[PDB]
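The next block holds one structure in the form of structure tokens; read it before the comments.
Chain naming follows the written order as A, B and C, and within any one chain the residues start at number 1.
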Amino acid sequence: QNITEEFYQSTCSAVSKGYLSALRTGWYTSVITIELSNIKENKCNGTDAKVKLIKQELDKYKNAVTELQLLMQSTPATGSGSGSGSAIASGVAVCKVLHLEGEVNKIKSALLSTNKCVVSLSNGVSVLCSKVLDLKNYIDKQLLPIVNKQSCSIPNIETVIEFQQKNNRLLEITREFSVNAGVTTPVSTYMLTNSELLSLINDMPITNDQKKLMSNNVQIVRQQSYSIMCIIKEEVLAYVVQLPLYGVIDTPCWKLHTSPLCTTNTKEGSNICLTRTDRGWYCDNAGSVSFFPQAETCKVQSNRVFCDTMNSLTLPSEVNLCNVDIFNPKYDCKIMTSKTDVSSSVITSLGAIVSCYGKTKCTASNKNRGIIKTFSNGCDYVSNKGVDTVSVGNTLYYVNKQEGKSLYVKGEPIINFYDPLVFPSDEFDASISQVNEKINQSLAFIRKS
Amino acid sequence: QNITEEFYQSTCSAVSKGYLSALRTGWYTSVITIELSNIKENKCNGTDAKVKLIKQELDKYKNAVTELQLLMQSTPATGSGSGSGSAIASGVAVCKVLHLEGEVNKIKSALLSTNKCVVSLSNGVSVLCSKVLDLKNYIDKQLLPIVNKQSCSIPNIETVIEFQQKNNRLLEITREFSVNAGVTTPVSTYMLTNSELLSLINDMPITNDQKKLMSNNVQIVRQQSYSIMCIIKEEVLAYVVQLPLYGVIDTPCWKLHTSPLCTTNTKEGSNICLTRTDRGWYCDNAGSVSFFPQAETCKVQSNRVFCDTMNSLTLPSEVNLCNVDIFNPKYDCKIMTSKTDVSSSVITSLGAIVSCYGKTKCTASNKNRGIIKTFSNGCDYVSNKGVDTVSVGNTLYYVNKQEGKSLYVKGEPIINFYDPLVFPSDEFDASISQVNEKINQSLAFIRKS
Amino acid sequence: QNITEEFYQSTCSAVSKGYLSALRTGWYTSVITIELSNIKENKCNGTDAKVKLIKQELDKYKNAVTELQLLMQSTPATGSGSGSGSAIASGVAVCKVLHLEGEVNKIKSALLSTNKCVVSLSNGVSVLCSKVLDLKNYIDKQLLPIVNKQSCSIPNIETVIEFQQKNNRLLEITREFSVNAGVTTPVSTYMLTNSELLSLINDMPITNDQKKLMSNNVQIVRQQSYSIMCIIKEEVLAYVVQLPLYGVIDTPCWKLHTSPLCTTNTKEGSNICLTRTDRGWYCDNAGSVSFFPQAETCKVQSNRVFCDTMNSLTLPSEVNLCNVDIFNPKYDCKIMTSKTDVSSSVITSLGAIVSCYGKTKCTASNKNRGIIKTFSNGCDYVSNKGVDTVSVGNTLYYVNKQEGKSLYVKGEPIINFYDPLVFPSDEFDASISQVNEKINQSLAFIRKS
């Protein structure tokens, strides 16, 4: 809708509100097939140049099949990482079924007459099939009358050119699979062309507005998809495409921006610092909040946030209280402490946080007008209305030029409520109460003395 | 062999045993050559369409050579990172030799009659050579009678098509090298086709079962290899392929899984936490243990672990005592402390650790039966026998479906042996004794008072 | 010039001096155009094989245009990350202008007669234009007399082959843009060939020695560039290439190497450790020092360092005092403390730091001579003169073979100036004075008692 933003001067943080959710919760598994020819590399006596080229491209086909055969032996399972298990388990389950006797025949037969079908496998999963390239019919009808005789028939050059074209796709598929150990992501247009992907989106048992969502964001849908190599058996090459399912849609999302907040004394080493933790994306999800701590797991498209729940934490909705009253007791807001007063900026959705310390030169400029604000020591913020760049020391940053309203929530920097002599100044993952507890402990060790 | 797994309730950790080692310790360097033609871009008067296409593809060849010439000037050396020095130094050493006078002639001459050879260079390294594409013979015999006259001879269309085909590989090689600054990894099938790689594996002075190991895991062999650009000199393009050498084979490996272990009091902020560090892969290696702390440096293929020793630490074998008696004195087991009681799961090899805290909903489900276990606050574990998924808050995880035996080692959670008032609750990289030492120090500051 | 290196025994660190700077501060934006044909996929009755191939390649063209049309709707803006805002804002600004009425016509018209031009847009930016592929003229003059009639004219096979060739580039461009959501980096040779890039470098309003710098490091220039998709409107495909501008040139750069420094007592757990922080690249920049903490943001070419200022911190030049007198007061040198005495090495520019502890076996070897140094417990260093490898436990490292002079600055390891009983042994981001302050605090808690 209408993007908005709040900067909290008291904690050197900012929240961008107004975004709408799209969280991956499930997976559609589709089977993609290429019908192959069982040729025997039949050789006949021929030195005709058009015969050589047909043999040369038939060898590239033979090798492609044989490399895919040595690659399906080695169980494709290297799309797992970071303790979350395998993203691909849904599809690896389908590959296991395909290796069952008569299951390839079952797709062979549904794809006897048509390109699309809905096959139910003997494990109860109703997969969408698709034949995307027919090399069995091509090689068997155009190329065997050419090599299956005592002396070779001579082909026309259009056949030579059309075979190179048709075989190309099989080769690029093999190429990708052999440098990725059977699993790819993103899913390339060789794995699945824009037309085939859009048909597959159109053909799924899902709601029309969610078909619209995927069609309008196909690049993001690709980036969140996998292609898994299954099996080459009985004149069929089969691989599984795993497409994202968005079980959470149109819940509010917001992004937390954080920057270090220090004191501004003139003596170096007399200064204390604190910074809010768990910067990142927060989406309302099923009564709680899904939190996405890694910067890259969320792709943003206008006002929609596409995230994978696989690398997220689930928090109580009280976590939002850290943005309105960082001292409330409902939620133990987490902070980091240091004495590292080094200047820096964070480009937010509608502006920029600037943490300026020491002798660093900190400004915000307009392209035509030059400098229009100078930041003082401390943590400060500027809206993107009328600003194009911000500079901190020798680095220049470009402010985002999105339309929206910022709100500067004034407040005392909470670093000023702390006595520097009893401040726990090297805390890596503490909390507001956990710092007040060590202060109250260290106020007792000075109480007796 | 038979994968097994032990979960230690007392420390919220688990070990997967049964894997077999394959650690990269060395490098084979092979020289890959493409013989080139020194054509002068000879132009003759011709507007015949088949002449244009031959000129168009000869310009793409000329430029390819000239870009590779400007790229070999800039010393290919950007495959170094993280303080470990250069992975590629073995091959960069061979490139330096190749620039010596008469060393290209020496390979020119061994490859006068055959495609394979074993050349000894003037530095005593016995490299495997290989001519993979002959453009000198092709261009000099099919294309100069076509452009080296007053008026051009006209070529047949098969020549046009065959030249595009043969020249393609040179172009994709140039493409790769110019976006990677002379070093690539993985090694693409353009750098080295599956056939050429399998021949090169077959042709090395190594033991037959280790030839088998590499042939059966070519995708992993590629991912651990480099291609380095050397030199274009005297009608030869030469680049070096560095293949992995597995100096450690068939020693036991095991993977440590760790998850946070906290108290389960009902009051928020009254809870302490600890977590074991150095999760990852451990392989027995030459009387010690090679430890691989980064998740991605180890590719797993069935029960074999392929790791690069370049990013590993070497530990005493006593490090395994942390999995059997975390309090023993032989080895100072390392732990992290916090008050971050946030729920999470770790998908292990044969099961799942679940650290459930607060109000988080934590279950394990079977596809057909639905929920079949509910986790309580604390750290717990479930085997993959009869379970397909585990859910923690809004995230769903897929359990691995490998065959093996799990063993639930019951025990008191060691977090319960600690007095929360004297607990060092924000320790980033501590150790069991190092925490007991600060407890014993803080038991003295309360002893006088 | 002459690379040099200093190892500081007192702090287990080393500095490599002698490098020359090249820091990205700005951006050149160029507009790259491909003139397109507005064909209507005109179908006529034809089953001639050469007609099929022309239709097949015209469909691949139609789809390419239509996918690029659905991709330009979704605002290309996923080259932003890590709080630094968008690297691409300079170019996204040009895309916004191009969507203005009559701005595509303005480039259409400057490129009516020539391939190069300098167009001033209605926002005052003087961009370099370029027409790199003309498919409007090709399709309109060779292919419409072929499909714009009642029955199709038959084309020659050279036309079929030339169209495949010319259309290829458009297809690979679409391929790249659709798996990258409209932004690519590095800039591929499909986005911009070496010839086109070198012309664009030659054609910019910049100084001749800086043209030389870019021409001689084109691979690095690519790696630091972006390609952004703009707009398909009025028979023009336009995308923006953003090339690096080096606002800082030929200032001194140096790289800091750091390794843990511990005590060498024989009892495990009685040992304290400290390590200098902020290892990395330091370049003099405009009276301060630009510091590059991430290892990969700086590409090194002989003695030149190419860095992006976007991910850098700006420090006072007094930060160099940490390498000459780590205790000076001008700058609060930052250190990390632990009890993690685990052995390791750092390969420097002209040598190797070795931190050897426990029972670890630590040597430096020469290829022909074998072991030539054995390291003792502590932190030590060896020059690359006469050494080829260094081994720490089970890992082998290759020393860099660059020419230069090392200097071993002897000195007492400063870890020895600390009383282990009052040492803050788990400090994550402390400083020299900040450790002396907690020592002086903990010397008072023992003073009363």
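Please note the rule applied: contacts are C-beta pairs under 8 Å (C-beta built on N, C-alpha and C of every residue); 3 or more make two chains touch, one makes a residue touch a chain.
Asker: Looking at chain A with chain B, do both copies bring the same residues to the contact (over half shared) or different ones?
Answerer: different
Asker: What rotation angle takes the CA atoms of chain B onto those of chain C? Round to the nearest 5 degrees.
Answerer: 120
Asker: At what distance in angstrom does the C-alpha mean of chain B lie from that of chain A?
Answerer: Taking the average C-alpha coordinate of chain A and of chain B, the gap between them is 21 Å.
Asker: Any chance you could list the residues of chain A touching two or more other chains?
Answerer: 157, 161, 428, 445
Asker: Which positions of chain A touch chain C when the two form their complex?
Answerer: Against chain C, the touching part of chain A is residues 156-159, 161-162, 165, 186, 188-189, 193-195, 216-220, 222-223, 257, 268-269, 295-296, 299-302, 338-340, 342-347, 352, 358-360, 392-401, 425-426, 428, 445, 449.
Asker: Can you list the residues on chain A that touch chain B in the complex?
Answerer: Those in contact with chain B are residues 23, 25, 49-50, 52-53, 56, 63, 67, 70-71, 73-75, 77-78, 80-86, 89-90, 93, 96, 157, 160-161, 174-175, 178-182, 248, 285-286, 288, 290, 309-310, 312-316, 331-332, 334, 424, 427-431, 433-434, 445, 448.
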